[PDB]
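Heads up, the thing below is written out as structure tokens.
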């Protein structure tokens, strides 16, 4: 018996339905936060709300925090959601590795998809920077 | 056979030597960060550096980040140390619970020590706030 | 056999007593922080202290930090409490997922309650924003 | 038998190739962010971008965040990379600690390496601060 | 401002079409069972059709099958209401937004159009989550090979959610610009 | 400023005494072995004394015991140098700080005293970490009951680290005040 982990194997701990619903929840929470921060009073435009939601889901902090009550309720529910999701991901990945070892470090092939995603994101960001330069020049 | 977890049972995942060395490392890192940010150029006093180190260890961020090269080296090594320590704690606690269940939610007796520590901290904080109230007015 | 996952199956890792104690501890920490800030100086009002405690529990960087020893003791003790509680939750969930007592990818049914809670929070936030908007004119 | 843990035993969960790829990915992300900030706007210099990437990897709230789409794409992709890598590290360490192949409290010998690294970092930071101080006068 | 109005109306129209087609079609999921094909069928929201098996070519209304798949057929009926609710909400948003564009003098229409679009998007997300959760919870209890695969109607609903929320953001910005003008 | 100088010198003196006593004493750890007491002994930094067993009352210099405990006795010698280094550093800091206080006209002495105190504290932390790591690594390989317990000399070293770091902070603040004056 022989096997090799495939690309994007790091998505195994959560079903693809969970990932799709996470993307929809991200976009919806961002738009709802923008909606409640545009009329109640701020810095929460649609783009800045997307950035805030992305920062909150990655548990990496943010430069701006909601002030109004509705914005803070949205932030709290989003923080609870991302805490539960990250805890579930870590716990189930630990379960996967423990069961695999029960039947040795992680190889580069297990996380090769993440590196490919990083390279593609850097290239796309450079392309977007070039496009923004061309547009802002005119 | 019967058993009941005792108070401060949450310290089991790390040996008491590790906890003592963590306390010494915290105080040392805070003092060194104060030293490298005082004789050479800021907001990092001794108390503010202690607070920054405590916030960094708890993965809770900080209000102010170091600017000087030496201060940033101290911050980076402290962040690496606290990341490794938290990862080790979580992994070994998961190992403890998995082995215990292999031979069922956590009860209040397992974190009764944490709640007692919280209550004592709140009481001490109120007491020191009263002391500061008397002292500052005079 | 494998029981049907519940709506609130994400509360399985910690007992309901621990959840209730967490809620009361959050309320108490907010009250103590507000009292300490007011009596020994306001940036930390009751609502701002509640937001600070909620953000600290979710391990998300907040926009305000205590600037006195009396409140900083509360902040540090609360951060320790939240770190220990989150580590315990992750470890217990990993133990639950590894050993099955009456491993495949996590299904969406396990975390469907989190999505329901998120949508309910968004709806409640929109309702609160509408109420505030109609009250502001009057 | 149970082999003696090495000085760098904390590198066991991830392969050395993964660590090297992480270092090069950090360098590349910093370089790309610096180039994007300079050519398509400086707050994000090379040293500040290195600090931002290091703080993002350690899941610590940085003091500066990208304020353009091109830089925020890099920030988000880097945050996703760091989250996945840290989750993989924690899961692999938990798998190592659960099943033993050739559980008690974690000994200090397992984590003595990070203490040595921290002390070396503090010493190097003090040396760098002294060098900068004596160079500043000249 | 005219370009923003055109884009918002276009996105509303596309969302309405993408949900109407998704509701009206019957290709939500294909499921097949057999011994290692006893039967293979595709099921929508209200009617199921068999394209393989003993009863091939007969479309049965939700009432020849193992109990587990029949329980799945029941559990889809529990999540049925939400797509209809979202369709009604997005249709109301579409008509109110078109009435807003045809009457530029009245500016409050764009805000309510955006609110309705966003509520419709949230309702669609809830419906999809409930549907998937019911399907997964039903198959998890199954006691022979069983394979199920989502269809193109589900992708239509997934894209229509994004279209609705984009239309809502555009409508909010349109109302802000209208008030500023 | 006089109070800060007094407390800084006091903390330096206490740190020097707490490390000198810790090095000079021989109660770092007690270890006992027996079959379920064959022997029970206490070991310091340079000499070991037996207070139970066949050879009770005889103090042996680091050279009747199982191989594992003798390997532990070897491994303590590897961590021996750091306490001596920290003692020398703190003694130099003490003498330089006292010379600074006795000559207030010269202000640079406080800064170097603080630097020496902080380096001594870091060296003491390194020594304690290395000592504990060696002990734990040696016992982890052990193949009858074996129990070991730290003594009061170790607590003296642990408290002296904190005393050194407090003295260093006080010396840095004293230097800052002196330059400001």
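Brief remarks on what is shown
- Cβ-derived FRET efficiency at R0 56 Å, residue D:105 paired with residue F:112, nearest 0.05: 0.85
- Calculated [θ] (222 nm, deg cm²/dmol) that DSSP helices of n ≥ 4 give over chain A, each run adding -39,500 (n - 2.57): -24500 deg cm²/dmol
- Here residue D:101 yields copy-to-copy label distances, from shortest upward, of 2.6 nm, the label point defined as 7 Å from Cα along Cα to C-beta.
- The convex hull built on the alpha-carbon positions of the protein assembly as shown has an orientation-averaged projected area of 48.2 nm².
- Of all chain C residues, the closest to the C-onto-D rotation axis by Cβ, with that distance in whole Å, is C:61, 2.
- Cβ crowding within 10 Å ranks A:44, F:117, D:80 as D:80, A:44, F:117, fewest other Cβ atoms first.
- Computed [θ] at 222 nm, deg cm²/dmol, chain F (DSSP H ≥ 4; -39,500 (n - 2.57); rounded to nearest 500): -23500 deg cm²/dmol
- Helical mean residue ellipticity (222 nm; -39500 (n - 2.57) per DSSP H run of 4+; nearest 500) of chain D: -23500 deg cm²/dmol
- Summary for residue B:1: label point 7 Å along Cα→Cβ; distances to the equivalent points in the other copies, ascending, 3.2 nm.
- The modelled label-to-label distance between residue F:159 and residue D:127, using points 7 Å beyond Cα along the C-beta direction, is 3.5 nm.
- Estimated Rh, chain A: Kirkwood, alpha-carbon pairs, angstrom: 17.9 Å
- Ranked from shortest, the separations from the 7 Å Cα-to-Cβ label point of residue C:131 to its equivalents in the other copies are 6.2 nm.
- Sites residue E:78 and residue D:67, calculated FRET efficiency, Cβ-Cβ separation with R0 56 Å, nearest 0.05: 0.75
- Summary of the geometry: segment A:92-138 and segment D:28-106, compared by the centres of their Cα atoms, lie 11 Å apart.
- Over segment E:14-155: Kirkwood hydrodynamic radius from C-alpha pairwise inverse distances, Å: 16.8 Å
- Separation in nanometres of the label points that stand 7 Å from Cα toward Cβ, at residue E:46 and residue E:14: 2.7 nm
- Residues E:147, F:42 arranged by fewest to most Cβ contacts within 10 Å: E:147, F:42
- Calculated FRET value between residue C:7 and residue A:23, using beta carbons and R₀ = 22 Å, to 0.05: 0.50
- Put a dot 7 Å past the Cα of residue F:95, heading toward its Cβ, do the same for residue B:138, and the two dots end up 4.4 nm apart.
Cβ coordinates were reconstructed from backbone atoms using ideal geometry, including for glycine residues, and neighbour counts include every protein chain displayed. The numbers here are math on the coordinates, done by the rules we state, and not lab data.
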